[PDB]
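Encoded as structure tokens, the following chain is the form deposited in one PDB entry, with no partner shown.
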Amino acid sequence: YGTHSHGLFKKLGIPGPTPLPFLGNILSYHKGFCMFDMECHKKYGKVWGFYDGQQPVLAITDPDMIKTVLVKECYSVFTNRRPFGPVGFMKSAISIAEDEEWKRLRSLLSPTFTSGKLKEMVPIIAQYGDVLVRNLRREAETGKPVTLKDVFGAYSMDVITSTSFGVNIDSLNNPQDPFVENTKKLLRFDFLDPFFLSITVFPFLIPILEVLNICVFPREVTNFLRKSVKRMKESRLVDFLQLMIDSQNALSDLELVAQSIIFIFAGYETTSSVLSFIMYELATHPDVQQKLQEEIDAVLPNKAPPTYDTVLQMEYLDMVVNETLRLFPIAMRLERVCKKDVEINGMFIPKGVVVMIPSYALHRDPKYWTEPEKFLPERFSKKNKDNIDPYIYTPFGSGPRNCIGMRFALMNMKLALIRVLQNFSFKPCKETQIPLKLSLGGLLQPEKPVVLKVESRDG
């Protein structure tokens, strides 16, 4: 034994790279998820199959299917995601929860994300828009080429703490010692790490790990937020902990601690990561930074504070964020487990298989997109947009199980653009790598941290 599911795609009839005995196709991840997705797409068309060890992954590319599974069949057959490693009590974090515990948690926290409560958090978020620039200032002063993900990470931290726990620190490399270093440690998993590679060939190793209590969210940090939450509950006799406590807090109590940790996870390094790309695009395109920078002066006259409405009422900003997201869809892949045998717009799909949508690949897909390689915002203006197909462009997923934090993500990032642009300009310096080159790991990240010249707009 060792090639269990390896007959499935030759049978059923789907093309794809032919699996090694124990490894499946994992050896093709030397380029990363993105590059591996591009090629299978080219070299196989619109459906293809591969094996992560002995897990069969079926990538689909037709919008109709991609909508059947993401939308039309969510609660039906494609409800859950792929288990990925020893997850401990975090098994109750919504993004990890399965089937019925999921829908429960989903409608239960979704009220916690509605607009208007977005409205309310804004003054809190803007407050670190201020902090960010008071900080971003000094680094431009010194004349030194600022590392983006450091100023942005901090802001993201600042905004997570404040909106998630009503803890207002200026982490931002200042009070960098209280509550900051556990949070700092909540980074995206790299699923091409040797650790995760091992657990994909030997998934029989997850339960063992589970036993030794070896969890993939580090215990140091989980103890802390778990402790730190509980002490906050009592004291309280806007803020995500707030909105949950009020949320009838059934809705379990030490299941609340799982949400808190997972919101930080999903939002920390993603927000600060996208913000970096956006500032890279706005240099190598100085023209766009200006077109955007003027729009901002137009909507709020010299330095005026950004606002829930000041924001939504900025067509060009919305274009720049959206175009950055196309090039760099942080998740790279949407992905869904098949709960049962089902038919789906043509092809049979057998129970057990993982259905995979190639976000990043569809976003650079010479079909739907012309000069797909190019940062040009105009793709998303009132004319040229909305003949672009959702289910193709999906940087936040789609359907019952999409990014619950999308609005908050966008809002948060814009308030940060505003403050920064309406106050700065950004210029390739010595180190600035041009073009881009993505990491060939399992994260959709720069490879060599983006560093830029920050230059105060007159002072």
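Heads up, when I say rigid core I mean the largest set of C-alphas that superpose within 1.5 Å between the two forms. Sequential numbering from 1, following the sequence displayed.
This protein has a second form, the form deposited in another entry, left out of what is shown; the following refers to that one.
With the core held fixed by superposition, the comparison between this form and the one not shown singles out 230 as the only member of 144, 339, 119, 230 whose CA moves by at least 2 angstroms. When two forms of a protein are overlaid on their rigid core, residues whose CA moves 2 Å or more are considered shifted, and residue 102 is not one of them between this form and the one not shown.
Once the cores line up, the CA of residue 195 ends up 2 angstroms or more apart between this form and the one not shown. Residue 216: CA moves 2 Å or more between this form and the one not shown after rigid-core fitting. Look at residue 404 and residue 189: in that other deposited form their Cα atoms move 3 Å or more farther apart than in this form. In contrast to the form presented, in that other deposited form the C-alpha positions of residue 194 and residue 32 spread farther apart by 3 Å or more.
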